[PDB]
Amino acid sequence: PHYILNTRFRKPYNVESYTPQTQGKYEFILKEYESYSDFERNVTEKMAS
Amino acid sequence: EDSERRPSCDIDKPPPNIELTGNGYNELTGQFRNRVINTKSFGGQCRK
C-alpha cells in the first residue's frame, strides 16, 4: 500500500522510492533604467553703424 | 485466499510521507537520500 494525496498508488518492481516533496523555490528579478539629456543654445548678435 | 481474523482491522491510510522521514540523510550536502528503514511494514500489530 502506498497513498499519495488520498490516492491509492502501487509501487512497481523497478522503482525504489517515489516520495512527494514541496521544494518550492521561485525567483523574480526586475531592473529599470532611464536617462535624460537636454541641450539648449541661443546666441544673439547685433551691429549697427 | 481465506484471510480471517479481520486483516488490518479495516485500517486504510498510513501516515502521508513517513517514507521521507525513514529515508536516509546526508549532512555535507543537505539533501535526503534513499529509504533505509522500511516503515511500510506492520509486523501484524495494527496500531490505529
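Cut-offs and rules
Residues numbered from 1 in each chain as written, not as in the entry; some residues may be left out. Chains lettered and ligands numbered in written order. Part of a larger assembly, values for the part shown. Heavy atoms only, no water. Residues with missing side-chain atoms left out of burial classes, pairs and counts. Helix = DSSP H or I, 4+ residues; strand = E, 2+ residues; numbered from the N terminus. Contact = heavy atoms within 4.5 Å. Nonpolar A, V, L, I, M, F, W, Y, C, P; charged D, E, K, R; others polar. Disulfide = S-S within 2.5 Å. UniProt positions renumbered as here; feature names shortened; annotations may be inferred. Pairing = 2+ DSSP bridges.

cryo-EM is the method the PDB entry states for this structure, with the resolution given as 5.60 Å.

Engineer: Please explain the overall build of chain A as it appears in this structure.
Structural biologist: A tally of regular secondary structure across chain A gives zero helices and two strands. Referenced to the eigenvectors of the C-alpha coordinate spread, the extents of chain A come out at roughly 110 × 25 × 10 Å.

Engineer: What exactly am I supposed to notice about the overall build of chain B here?
Structural biologist: A count of helices and strands for chain B gives one helix and two strands. Counting from the amino terminus, chain B carries its helices and strands in the arrangement α-β-β.

Engineer: Looking at this structure, I do not really get the interface of chain A and chain B. What am I missing?
Structural biologist: Interfaces are frequently sized by the accessible area removed from exposure as the parts join. Taken residue by residue, the interface counts six residues in chain A and eight residues in chain B. When the residues that make up the side of chain A that touches chain B are grouped by side-chain class, the tally is one nonpolar, three polar and two charged.

Engineer: So what exactly am I meant to see when it comes to the UniProt feature "disulfide bond" in chain B here?
Structural biologist: Residues and elements named next belong to chain B. Measuring sulfur to sulfur gives 3.5 Å for the UniProt disulfide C9/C46, too long to count as a bond. Within the element layout of this structure, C9 appears in the segment before helix 1 (18–22). With respect to the helices and strands, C46 occurs in the segment after strand 2 (32–35).

Engineer: Sorry, what's going on with the environment of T19 of chain A here?
Structural biologist: Mapping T19 of chain A onto the fold places it in the segment after strand 2 (8–9). Setting aside residues up to four positions removed in sequence, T19 of chain A forms contacts with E19 and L20 of chain B.

Engineer: Hey, could you run me through the pairing of strand 2 of chain B in this one?
Structural biologist: Remark: a regular strand shows side chains that alternate across the two faces of the sheet. Residues and elements named next belong to chain B. As paired strands, strand 1 (residues 23–25) and strand 2 are joined by two bridges and run antiparallel to one another. Note on strand 2: the bridge partner recorded for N23 is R35. In this antiparallel pair of consecutive strands, strand 1 and strand 2, the connection spans six residues, and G30 shows a positive phi of 70°.

Engineer: Looking at this structure, how should I read unusual backbone geometry?
Structural biologist: With the exception of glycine, the majority of residues adopt a negative phi angle, and the majority of peptide bonds are in the trans configuration. For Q23 of chain A, which is not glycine, the phi torsion reads 45° and is therefore positive. Phi is positive for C9 of chain B, close to 40°, though the residue is something other than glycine.

Engineer: How should the environment of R33 of chain B be read in this particular structure?
Structural biologist: Residue and element names in this part refer to chain B. In this fold, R33 is placed in strand 2. Taking the C-alpha atoms as reference points, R33 and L20, separated by 13 residues in sequence, lie 8.8 Å from one another. Not counting residues up to four positions away in its chain, the partners in contact with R33 are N23, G24, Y25 and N26.

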